[PDB]
Amino acid sequence: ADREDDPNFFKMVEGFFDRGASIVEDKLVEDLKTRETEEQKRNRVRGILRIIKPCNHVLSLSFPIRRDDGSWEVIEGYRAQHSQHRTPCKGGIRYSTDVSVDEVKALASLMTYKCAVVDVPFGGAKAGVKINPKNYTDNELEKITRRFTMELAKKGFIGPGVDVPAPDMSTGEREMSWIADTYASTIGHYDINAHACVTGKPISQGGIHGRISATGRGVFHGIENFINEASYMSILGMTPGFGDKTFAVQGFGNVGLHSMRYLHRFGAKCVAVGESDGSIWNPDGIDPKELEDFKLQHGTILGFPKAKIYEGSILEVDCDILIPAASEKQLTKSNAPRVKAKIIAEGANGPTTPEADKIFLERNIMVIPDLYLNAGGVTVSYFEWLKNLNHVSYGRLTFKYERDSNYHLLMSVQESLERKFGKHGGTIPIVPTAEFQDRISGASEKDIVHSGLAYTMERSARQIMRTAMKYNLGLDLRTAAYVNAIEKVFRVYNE
Amino acid sequence: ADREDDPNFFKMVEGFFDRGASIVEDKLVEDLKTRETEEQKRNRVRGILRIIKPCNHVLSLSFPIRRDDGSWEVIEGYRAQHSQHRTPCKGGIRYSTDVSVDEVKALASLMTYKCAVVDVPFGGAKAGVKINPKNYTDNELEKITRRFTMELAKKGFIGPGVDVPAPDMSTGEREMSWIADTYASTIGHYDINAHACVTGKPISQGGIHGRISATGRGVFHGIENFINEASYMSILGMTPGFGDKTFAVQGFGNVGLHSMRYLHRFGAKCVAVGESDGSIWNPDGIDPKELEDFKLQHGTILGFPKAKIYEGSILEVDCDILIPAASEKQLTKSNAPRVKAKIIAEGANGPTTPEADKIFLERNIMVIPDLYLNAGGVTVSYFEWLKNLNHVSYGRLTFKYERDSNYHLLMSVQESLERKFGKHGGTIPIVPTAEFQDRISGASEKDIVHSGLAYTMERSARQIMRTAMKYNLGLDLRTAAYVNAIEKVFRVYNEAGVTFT
Amino acid sequence: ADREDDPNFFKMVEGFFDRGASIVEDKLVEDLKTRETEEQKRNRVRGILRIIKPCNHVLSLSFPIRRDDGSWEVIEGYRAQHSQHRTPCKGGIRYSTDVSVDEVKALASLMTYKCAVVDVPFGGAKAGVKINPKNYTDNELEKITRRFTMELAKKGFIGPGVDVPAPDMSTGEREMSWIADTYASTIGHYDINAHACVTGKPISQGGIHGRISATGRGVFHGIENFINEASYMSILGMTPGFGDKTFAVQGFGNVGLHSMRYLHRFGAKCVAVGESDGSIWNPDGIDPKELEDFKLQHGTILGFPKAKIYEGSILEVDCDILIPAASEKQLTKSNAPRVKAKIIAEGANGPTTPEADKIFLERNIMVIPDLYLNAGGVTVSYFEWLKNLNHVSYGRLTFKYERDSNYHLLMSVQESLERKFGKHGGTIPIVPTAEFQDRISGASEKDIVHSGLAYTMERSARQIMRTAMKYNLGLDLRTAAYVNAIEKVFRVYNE
Amino acid sequence: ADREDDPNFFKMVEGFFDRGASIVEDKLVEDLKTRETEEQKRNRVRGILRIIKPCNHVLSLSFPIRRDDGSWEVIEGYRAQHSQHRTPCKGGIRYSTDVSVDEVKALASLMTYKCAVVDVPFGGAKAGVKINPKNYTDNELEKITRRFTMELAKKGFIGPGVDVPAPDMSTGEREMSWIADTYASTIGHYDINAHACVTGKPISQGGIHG
Ligand SMILES: NC(=O)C1=CN([C@@H]2O[C@H](COP(=O)(O)OP(=O)(O)OC[C@H]3O[C@@H](n4cnc5c(N)ncnc54)[C@H](OP(=O)(O)O)[C@@H]3O)[C@@H](O)[C@H]2O)C=CC1
Ligand SMILES: NC(=O)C1=CN([C@@H]2O[C@H](COP(=O)(O)OP(=O)(O)OC[C@H]3O[C@@H](n4cnc5c(N)ncnc54)[C@H](OP(=O)(O)O)[C@@H]3O)[C@@H](O)[C@H]2O)C=CC1
Ligand SMILES: NC(=O)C1=CN([C@@H]2O[C@H](COP(=O)(O)OP(=O)(O)OC[C@H]3O[C@@H](n4cnc5c(N)ncnc54)[C@H](OP(=O)(O)O)[C@@H]3O)[C@@H](O)[C@H]2O)C=CC1
Ligand SMILES: Nc1nc2c(ncn2[C@@H]2O[C@H](COP(=O)(O)OP(=O)(O)OP(=O)(O)O)[C@@H](O)[C@H]2O)c(=O)[nH]1
Ligand SMILES: Nc1nc2c(ncn2[C@@H]2O[C@H](COP(=O)(O)OP(=O)(O)OP(=O)(O)O)[C@@H](O)[C@H]2O)c(=O)[nH]1
Ligand SMILES: Nc1nc2c(ncn2[C@@H]2O[C@H](COP(=O)(O)OP(=O)(O)OP(=O)(O)O)[C@@H](O)[C@H]2O)c(=O)[nH]1
Ligand SMILES: Nc1nc2c(ncn2[C@@H]2O[C@H](COP(=O)(O)OP(=O)(O)OP(=O)(O)O)[C@@H](O)[C@H]2O)c(=O)[nH]1
Ligand SMILES: N[C@@H](CCC(=O)O)C(=O)O
Ligand SMILES: N[C@@H](CCC(=O)O)C(=O)O
Ligand SMILES: N[C@@H](CCC(=O)O)C(=O)O
Ligand SMILES: N[C@@H](CCC(=O)O)C(=O)O
Ligand SMILES: [Zn+2]
Ligand SMILES: [Zn+2]
Ligand SMILES: [Zn+2]
Ligand SMILES: [Zn+2]
Ligand SMILES: [Zn+2]
Ligand SMILES: [Zn+2]
Ligand SMILES: [Zn+2]
Ligand SMILES: [Zn+2]
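Protein chains in written order, with the entry's author numbering: chain C, 1 to 495; chain F, 1 to 501; chain A, 1 to 495; chain B, 1 to 210.
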């Protein structure tokens, strides 16, 4: 929302891009070894940079639905694909009334830069259907999801090797299940990869472990990597580690709740949670599980016992870490001054506007940009896609073999230690650590999701941090990120 | 593009539809014998129409091209598909800087209804690439139109059973030629109907006789059928025939030049011709050839020796028939009062605003509506598609059979007569008249394109007259054309038993 | 053919399935989250089950063959596909005159539950062709299976992502190689996975190590996993292990032979072999490699030097383990009373009728059921399909790197120890044991085939045992299997 | 490219092949356990080697290129597919005026055998374009390698599951980046593995280290 700082979402992310585009400009220029030198290069660079920014394809739908009561209602929807520099395109399907071609455009672009930060080989994309799901029956919501999949399918805006959609606001397993089902029942009847057409699926339908809670978990890993970095924690004026920290969470959805779950888990105190009808609060702590229970029970977080109803912008709560996990453009120049938190964890997609970004920097609020924080989603969606493509549960073929080998490896250290210390040593049992015993059959699917996500969110955190320090962006983490997203994408477009 | 009457093209055309949807609502309801009677009758009518109105699909593209000097430039373009109630979608590609999503949506809807009026079984579509072709080389234009065909091809917005493009403003044969080749050379390299993927092609690449000229030829018939409906020539205050009549045309590309040739030929005097940089005028007349000649050499019509450069909007020139045949929204509430013409033939696509539309109605100016008049284009496009689907030129297999059969038919008349009138009659030579001698091998391609277009514009015109009189619309020819369009498209959504569930 | 207990195969298998369902009906109901509680919980469950029982599709075929002699012959055939809850369907091709639509239907249903038991991601399907393969030429058997492949191709009853057939009775490597070719020749000419359209292929033609041997090798594992659980050999009244044990095998084909090989390899004495023209028998042992050479050289077992022509049902031979490894409905209400063996290992497909299952139950005779026991097949079939998908022989790219990794790994233990124990140790070599020497390069293909199979069979063995006890089924191992197969297929059915 | 020791390239490899095939012919017959043994095995070995030697498919192309001066030039080109005993076929693209159907047939036969030596699961294939790339501009070269690819794809002579090329003399990363792009862009937009339609590509376009 916010009426004086409601930039057009696409141009806004275009802004973030352009910014980062400038600081690399000299770097990218000097990289490229084009013989025709001088400034034919500098044009070449903003020439390529001028193709990256715009979306390649955007598909607008109007299709009819027969409502439950029997009337005919026409549904509109869009899907934008921002890049093909990596095939296929990846991106969520969101069901809200805010959906416009433009927010679907900005979201898609965001997805391209996102996957670049996080070394996921997808071009960005995104869909939206202009319905408030709440206002439709489950049966209607089904018809809408299916017909919208048929439209995307025929015009080639879904398909495992074209465009793998995924969840977003007001969509989850359920919908992806229908998407995956009408795709694979019509267009995909022959595709050996028909169920790699969408991600976020029920595990029972092709899904992967922890894909619901994966963007939350990646939020945590993203926060952790910085909060445990003394360089930024000096500058910020706070203690390393999660132990003393308090945080608030805007939105209690897929990334809202699970961000709370993992942050609460490793020691952070969740004092407040908000939703579209109000917030709640308690600086002695809200427990995610109790709150989740109460919310599933009473469809609302409000009136939760162990926390008062908080009157006012939950974004402005006193806390260490502010985590927007709702829609975009919520921390703006209007309310950026009075935010109170020292770390903004952009769990949501593009939730703080550039005007706010400016205040936050000279206020020395640290913004972990959505670019890097909520990529835990595609990264596991990339894992889910890879699972579908490989047609095996990770570990299935190697569990026993790895179990046995580690055992004989361990045995070799033993039989060799006894071969030397004849009997002064005696019999020297070499046994797996309790933790190496969990790790003894090799990585299961779960293990890959957990560890692969952790590696990802740190390897990327490091090269963001390194790029902040190489260009002296200090706490403008977003600008280092785009600098890395650009650098990686630009490398494709010229080489 | 006006300003203080610059309505949204797509919504504008919705209004033209909505107006006719209301004249028919009672009839559609009456006809529909859904047992579920009463008003859930009406609502299902109201509900169907709400499904006819929006475009089904709209594709927006950004793609780069390597411009000739090595620079990269990002080209944008769109194509909208209004309806599938008939397949494929049919509609043109337009290269202007006016090209927006909302334009391309309006044009599309306009093409759906246009086909319903003239019984051409196509849903409506239309594309635009947002460039000024006058600013790029032939090389860059080729690059740009093929990539567009590529980008359309991949997402299902070009294809013979899917969506057959065509020429519009600043595109023609040359572009269609590239569009057919790039399509047929990639996505279509095994399609037996690869080249039915677009109309407006050169004759030599699958094109049909007089496709270029046919939109204007259609304008001609469409004016003829009304200007000789004594009924309407009465109310208008004119005389039947083209005989004394006088006309001006906005535009001198595909639709202007040929409407001008064809009216000139059947006696009407052309007194003015406009293009973007200005107009030229002469009440004694301008010759369509000399003007075309002058234009092909000089790049403009301004300076044509046998005419004065008019100062002021060609739409206001004193004539009988003004022919908007340029871009849309040229006749608005600003300039509608000042039109001097008594018949406006809407050769262009959406040239009249609805506010201007009321003014002409109130001013007793009969606007032949786009819906009907400029349908010459599709109808022959539709023939070009039939031509590609059948992989024979018309007649090719029956010419010698028809000739022989006719000769033998006539001989039967003769021999039978001679048998009766033994010798008081003698030999009674039954010979083809001169004109039947031309028609004696049956129809050539050109014959079909000519006679079939004629049939379509006559049949649809009387349908439009019959309907305007039944509903006492008088000179509201546009809504009568929309009341027909709706009746037909509605018939399709209705009889379908359902549509989906 | 038993003239007084020949249930229609499909209904018979529906009985097994019905049986298991009413056991978990209460279970499926309680788990089912459904807001709409009550018995419209029960009825959705039973409706879903009512969907699972019937085959989704059946293709009946008539196609002419011109015989070697130049005459015309109308060959009938069938493929039934029972479930698509996993794509592709999997299942063998059978050449017999027993092949009827109802038999094919039952076998296909048996495939979907079979893969459910062993966690092989395939819906089930099965095809037969109503021929006596003994009555046709190699050339005629090629025209037939090639044209059958074409009939199956053109109607979507074969394809690497739609339905992957494999061997069964009177088909094998040589027929699979034709199917694979005929498919990949035509339809699949562009398919990167044309060769994964069928399993059982020769190894040079995309096949996998030990897939001929795979099924009985799993018969061995499946017996083994049960013959070593004291809980079950107690109840039985037998000693654990293969040590003292004795078995007879109906069928000496691809299941019978290798079942007999591997059991023999690990102790047990094979005392009877039988086929369709008789049985042999020798209580002191029938060596499998001998019987093979003799079989191969004589096209029969009867009159094998080292055994006597047994007269009387091989199903009633005195032994510990009876292994039906031929056709279905061999063990029926008439002769189940007279079976004498304590463990019936169903390597065949549906060898035991339900009335005979009942008799076996109350006679305290443990029938290890087809559903689980002969799923060694699909499992190794699964492995090859993946092999074909992954376009690499297992280990090819990692052998050298793993070798050096382990040597440096050990070398790390060596030098770490020598750094501590300066010269009080002196030189402390750390070397692979012989067993870790063999694994020191990582798993070969056969490594995976062998350990993957074994893993699959022990794990599936357990979850059957686990189910039996929780449901107090005792020896009704079959109902335990169906209960897992029903459990697993259900739960895919979520919208 | 010599004088009086310049054998037909294809036959020169057939020569090598034929030699190493008598060395094993005895072994192959002894191997094959066919029940109709005899010389009816010696010859069914003779038949099988007779099918291996000749390329299964050769495609000769003439296609036009608009040169940079505007003129039209008919550019000559070939890809031979030696064997499908493993799909897809594998083998490079050579830009040279020595390119002939026999040279390219030979390089093709050399490539299946090269992949057998190192157990690379591809039947051999090779391609040549009869041009001398020092005489052409990069833009021309691009115009060529792309149009060559479009012709290859429509006739089934490139494709990740059917035939995958690679670099060779006067080709490399750049032309690999072109082929990949024109195939993926046209014939295989829906093909998940489109960019596996050729090897040697730039690291950034799907290529590999080293
Ligand atoms: N995999 C993913 O889901 C990923 C999501 N994101 C971004 O995360 C954000 C949320 O995704 P998700 O959590 O899945 O959406 P959900 O539908 O899962 O839940 C979203 C929550 O946000 C609340 N909300 C939305 N707008 C506001 C607002 N203006 N003020 C207060 N509360 C609000 C909703 O409340 P109510 O229910 O009352 O409307 C709901 O509780 C989106 O912006 C998405 O783009 C980023 C990366 C990955
Ligand atoms: N098949 C067809 O071609 C059909 C076309 N139509 C409609 O007819 C109209 C034109 O079609 P077409 O003739 O093909 O397009 P063209 O590309 O042939 O150019 C038409 C003419 O319009 C002139 N023009 C453009 N804008 C203006 C303006 N603002 N004021 C005055 N003159 C102007 C151009 O002059 P300059 O070159 O100086 O811009 C040109 O001479 C469009 O609306 C089209 O949709 C209708 C039916 C079928
Ligand atoms: N991968 C596989 O092959 C799998 C097979 N199965 C099941 O195992 C059984 C057979 O498999 P397979 O070994 O492949 O079949 P085969 O074609 O290999 O022949 C099986 C054996 O059964 C014998 N036989 C057939 N009918 C009778 C009969 N009425 N009485 C006695 N002996 C008979 C045959 O002898 P004769 O030559 O005299 O008929 C032959 O020795 C079937 O139920 C099959 O579905 C289970 C899992 C997988
Ligand atoms: N809503 C909700 N989700 C949960 C809860 N516990 C676990 N999950 C998520 O649901 C999935 C199943 O949980 P587990 O099987 O225990 O897996 P896990 O990786 O050990 O769970 P976590 O480490 O907490 O993410 C995981 O992705 C969890 O993140 C819970 O109490 N409520
Ligand atoms: N632009 C332009 N087109 C012309 C001219 N003369 C004829 N044509 C068109 O080119 C095509 C070939 O002309 P003709 O072979 O005479 O065909 P036609 O049907 O007899 O031509 P018309 O009856 O004059 O339309 C027809 O579509 C004509 O409309 C001209 O002078 N200028
Ligand atoms: N039919 C048949 N198969 C055999 C015979 N000997 C080995 N095999 C199978 O043929 C395949 C190739 O054998 P090997 O290369 O020796 O591999 P293996 O994994 O050691 O096979 P196993 O002896 O079962 O452990 C394996 O599946 C063997 O089971 C035999 O004598 N007859
Ligand atoms: N032509 C050329 N290639 C080089 C040079 N240095 C490295 N490369 C190649 O660049 C690729 C990446 O090289 P490096 O990043 O140095 O890593 P590498 O795997 O050690 O490569 P090698 O030095 O060949 O062992 C490898 O293919 C190298 O062979 C060089 O100086 N000239
Ligand atoms: N839409 C999610 C990612 C969804 C996905 O591709 O899995 C995001 O904005 O990051
Ligand atoms: N632009 C033309 C195209 C007709 C066609 O050829 O489809 C029209 O609006 O009628
Ligand atoms: N007929 C085999 C099929 C095994 C396979 O799919 O390879 C079975 O019953 O399991
Ligand atoms: N053309 C090279 C390599 C071919 C390839 O990489 O496929 C050769 O002669 O082996
Ligand atoms: Zn549609
Ligand atoms: Zn997890
Ligand atoms: Zn594109
Ligand atoms: Zn004509
Ligand atoms: Zn047939
Ligand atoms: Zn083995
Ligand atoms: Zn060609
Ligand atoms: Zn290297």
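Backbone N, C-alpha and C define an ideal beta-carbon position, used for all residues, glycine too.
contact_flag[the segment 268–284 of chain A, the segment 298–309 of chain A] where n(CB pairs < 8 Å) is 3 or more: yes
According to DSSP, residues forming a beta bridge with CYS89(C): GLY123(C), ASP163(C)
Runs of beta strand (DSSP E) wholly within the segment 293–348 of chain A (minimum 3 residues, chain order): Within the segment 293–348 of chain A, the complete beta strand (DSSP E) runs of at least 3 residues are 308–310, 321–324, 343–345.
Local Cβ density within 10 Å of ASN406(C), reported as buried at 16 or more and exposed below that: buried
Minimum C-alpha distance to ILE223(F) - residue among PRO369(F), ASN472(F), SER22(F): It is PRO369(F).
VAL392(A) versus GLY128(A) - alpha carbon distance: 32 Å
Chain-ordered neighbours of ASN56(C) on chain F, where CB pairs are closer than 9 Å: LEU61, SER62, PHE63, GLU151
Residues from the segment 175–198 of chain B in contact with chain C, defined by Cβ distance under 8 Å: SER177, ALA184, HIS189, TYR190, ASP191, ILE192, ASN193, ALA194, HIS195
The segment 421–437 of chain A in contact with the segment 360–379 of chain C per 3-pair CB rule at 8 Å: no
Start-to-end residues for the beta strand (DSSP E) that takes in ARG79(C): 72–81
At least three beta-carbon pairs within less than 8 Å, the segment 77–85 of chain F to the segment 59–67 of chain F: Taking one beta carbon from each stretch, the segment 77–85 of chain F and the segment 59–67 of chain F have 3 or more pairs nearer than 8 Å; the two touch.
Whole-Å CB distance - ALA196(F) paired with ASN388(F), under 8 Å assumed: 4 Å
Member of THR97(A), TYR394(A), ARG211(A), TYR482(A) whose CA lies at the smallest distance from the CA of residue 507(A): Within the shown structure, residues of chain A are numbered from 1 to 495, placing residue 507(A) beyond reach of any answer.
Limits of the unbroken alpha helix (DSSP H) element including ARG466(C): 445–471
Nearest-angstrom Cβ-Cβ length linking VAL164(F) and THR456(F), presumed shorter than 8 Å: Rounded, the Cβ-Cβ distance is 18 Å, inconsistent with contact.
Cutoff 8 Å: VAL13(C) Cβ touching any chain F Cβ: False, the Cβ-Cβ gap to chain F never drops below 8 Å.
Closest by C-alpha distance to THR215(C), when choosing among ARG147(C), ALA125(C), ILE323(C): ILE323(C)
One or two residues paired with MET176(B) in a DSSP bridge: Answer by DSSP bridge pairing: none, since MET176(B) is not bridged.
Chain B within 8 Å of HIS391(A), Cβ atoms only: yes
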